[PDB]
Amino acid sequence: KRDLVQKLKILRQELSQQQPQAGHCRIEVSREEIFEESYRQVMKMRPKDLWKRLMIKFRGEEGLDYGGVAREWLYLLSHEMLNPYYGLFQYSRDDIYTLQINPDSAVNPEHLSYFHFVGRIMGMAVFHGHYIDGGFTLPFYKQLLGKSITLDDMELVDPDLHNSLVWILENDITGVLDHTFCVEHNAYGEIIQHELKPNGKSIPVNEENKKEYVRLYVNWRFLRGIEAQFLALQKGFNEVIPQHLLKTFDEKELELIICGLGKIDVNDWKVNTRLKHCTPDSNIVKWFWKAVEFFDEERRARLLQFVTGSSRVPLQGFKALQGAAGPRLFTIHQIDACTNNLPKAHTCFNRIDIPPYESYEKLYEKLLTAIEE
């Protein structure tokens, strides 16, 4: 933990130097067209403009203070640009929670400029210390942060290919594997023969060159069909965050930064929760924590996402939980409502509204029904 905290202090220090002393990054956009209007304004700016202090205004709105409006625009846009509606990203069919690049994004001919823009925004979130659980896989984040893709990463991407490549590396393939440095794949009904390296079609894979074959294969498979999109996103990102500044961080550290604590702890959660219209020793609070304690990691993540908008636990735990404006502890609010209603969430204030359920079993079932699907 200490090593990571120190690297993050060094990173923040180096990034503050990149920020010009004078000038501002001025953005004026409507909330209703946040994506498109931010796209137009950010893409007219040079990379050096993106490092300047943010001066943001929402169209037709006065705003309380610039710092707060900048925090709100960056949070809202970073989440909005991930919406499948804009044609850049989509949820995996196999893994319903995983966000990935849409391989058919080219239906919008300007798609590359849009991915460049998203990269700039992800860079700007890093620059202003925002930790966003976008939903991408860890190897997606590692590629963006300049880390090499490993054969280990292929396990979940393509399990059969992973076993085959591990087999190539670990065993003598001579006279069993009959392959060359050319891979074939079916893209949109046509078989593409792709050479991993020059003259690939005429180079057989053998004991001497199999390590290079597996490395090139892993790189190609990982970005297959999304090469241009990923390159535009990386280019936008590297215009805000220099690659050299991240070389110090290892894979494990990157995982903790983007996804937060590896487990949702019910003890840390309950001692950092605010109570409204219920007391510490009440039945409703006792039954709520008894349900959360029974909940497994999956159910606790569903509960945290339901109440806060994210299943990411900050590295400092629940005492560091944040809402819309800034710091907002998780809140249990006992409401005066019909006990057949499900619990209601207000993700802005990390708050859950609970009717006065008559028994633990009733609270348990209603909470489970509310966090389903």
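One rule holds for the numbers: they count along the sequence shown, beginning at 1.
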Next item on the list: May I ask you to compare 208 to 216 and 141 to 149 by their mean CA B factor in the entry and name the higher one?
Entry: 141 to 149
Notebook entry, point to check: For the C-alpha atoms alone, is the average B factor greater in 326 to 334 or in 39 to 47, going by the entry?
Noted result: 326 to 334
Next item on the list: Have a look at 109, 134, 225, 236 and flag the one whose Cα has the highest B-factor in the entry.
Entry: 134
Next item on the list: Select one of 240, 278, 259, 81: the residue whose C-alpha shows the highest B-factor in the crystal structure entry.
Entry: 259
Check: Split the chain's modelled residues into thirds by Cα B-factor; is residue 352 in the lowest, middle or highest one?
Finding: middle
Margin query: Lowest, middle or highest third: which one holds residue 270 when the chain's residues are ordered by CA B-factor from the entry?
Written below: lowest
Next item on the list: Would you please rank residue 156 by its C-alpha temperature factor against the other modelled residues of its chain and give the third it falls in: lowest, middle or highest?
Entry: highest
Next item on the list: Would you mind checking where the Cα B-factor of residue 174 ranks among the modelled residues of its chain, as the lowest, middle or highest third?
Entry: middle
Margin query: Based on the deposited C-alpha B factors for this chain, I'd like to know if residue 100 is in the lowest, middle or highest third.
Written below: lowest
